[PDB]
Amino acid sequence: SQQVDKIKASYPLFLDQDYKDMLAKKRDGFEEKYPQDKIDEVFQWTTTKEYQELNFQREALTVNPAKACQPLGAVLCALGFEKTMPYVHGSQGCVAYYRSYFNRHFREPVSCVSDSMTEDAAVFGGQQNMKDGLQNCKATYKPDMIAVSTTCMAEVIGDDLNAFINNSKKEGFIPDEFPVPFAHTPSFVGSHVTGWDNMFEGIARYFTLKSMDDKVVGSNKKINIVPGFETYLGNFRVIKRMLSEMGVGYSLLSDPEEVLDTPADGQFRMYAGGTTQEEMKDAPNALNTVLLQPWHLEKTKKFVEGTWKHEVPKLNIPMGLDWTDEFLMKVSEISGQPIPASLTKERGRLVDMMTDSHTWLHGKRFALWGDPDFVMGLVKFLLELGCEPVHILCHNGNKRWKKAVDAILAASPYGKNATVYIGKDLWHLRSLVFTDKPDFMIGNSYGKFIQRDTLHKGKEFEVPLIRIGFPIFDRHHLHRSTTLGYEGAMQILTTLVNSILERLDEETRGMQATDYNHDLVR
């Protein structure tokens, strides 16, 4: 039933007695459910060290992964280029998923096409799909560039992207001069970040490989910035803001911040902003190329060093205090620009906030996950805050990266109780937060189910989630945030200390029981 002036959605509608009785009858009648005592027994078992040991013995089964597949990153990379249509050669179901995944994180349109290869292509290949697909895409959506990647079906069948695109131009389906950079992006290799690396390197090759003869390193007095797979609008913006404040000439290579934030003003803009083709063509003339997320830009690095002859600086992601300092000092060295008073003052405002909040942050224990560069920068900043990053999980991490993070941990007393995990998933992490309980999780929306599980054991065992990462689907507009630079460090610090204080308020809100410590001032 409903009361017209107080309509109930599913929650709390289904808590009405009649729905409750109906659901109990469905269970008892037809579901052959295990008895509640048995469910409780098995749940308790899943929180134990014994279960954790079985859990960590898994070899073949993955449960609740913390990564996606290559083409997702290729799509995000391509979206950062001016009037560029991401085009995934292969099966169309993949493209529905990439678009929806990004739709839900950015709350924005996400344009991408497929060429709709079907079972028949397993006999004759996808060449005709490429010819008609490129022609149809160009005519219908009028991009100035189509950036081609692949789904796993096309990789297994073995379609030669280079040959198919060349023949599409030869046979007149698209103009010869029309830019169609490409990359093979097999989902069974690496993860979404690898697809970003592959797509970027393909676009870089497209515009520079056969024209290096006239290039002179440093001739355009700019620094190239490669952001990698990046899903916070504030991160593209803070980098451009800081370089502009220093008077540093730069080219942000893959810049989707406009197309992922168009105004609702009465018209839909399929394309906005982005890196220009000319910026890619001119990129070898820069002083140098800086990679903001080097641990998933290894192929790009080899190309800019091997072909453009740039000496890519050895810089960590500019997260936290030390690594933002290092980023700006290296940029100052390359460019000849001093670090200006505005950034020096911003830096000292961050340090001030650290002194202001250090007593509530000190010793706080965290489990956290994400992509390798994000994760290591979060670990570094936590150490700088006097926090303990106890469970550090990077599903798509590698041994060399883990050694780097273990070195960072070993250089700080706040790393003494921390372990770095690679190849492990959120079912692994769930075990760790039961057996070695931290104070909070820093992670993406999939962490909400871990928090749910911990609360089920009891309120004293609940581990609250702090949402920093990708994807975030169950809160609105956090994709506008910043995590890089001093600005992002300030935002992270604020979110962390206030999550601590919100939870303390919750635990001290009990009248006469715990509210002796429900202080007005903290």
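Numbers follow the displayed sequence, beginning with 1.
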Quiz item: 430-438 versus 298-306: which one carries the higher mean Cα B factor per the record?
Solution: 298-306
Practice problem: Between 275-283 and 179-187, point out the one with the higher average CA B-factor as the PDB entry records it. | Solution: 275-283
Practice problem: Name the residue from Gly488, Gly458, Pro471, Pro35 with the greatest C-alpha temperature factor listed in the entry. | Solution: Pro35
Quiz item: For the listed residues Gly249, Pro71, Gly386, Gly348, which one has the largest C-alpha B-factor as given in the deposited model?
Solution: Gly249
Self-check item: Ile146, C-alpha B-factor rank within chain (lowest, middle or highest third)
Solution: lowest
Exercise. Place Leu343 in the lowest, middle or highest third of its chain's C-alpha B-factors, as listed in the PDB entry.
Key: highest
Exercise. Compare the C-alpha B factor of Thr194 with those of the other modelled residues in its chain, then answer lowest, middle or highest third.
Key: lowest
Quiz item: Which third, lowest, middle or highest, does the CA B-factor of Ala96 fall in along this chain?
Solution: lowest
Quiz prompt | Position of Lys131 among the chain's modelled residues by C-alpha B-factor, lowest, middle or highest third | solution = middle
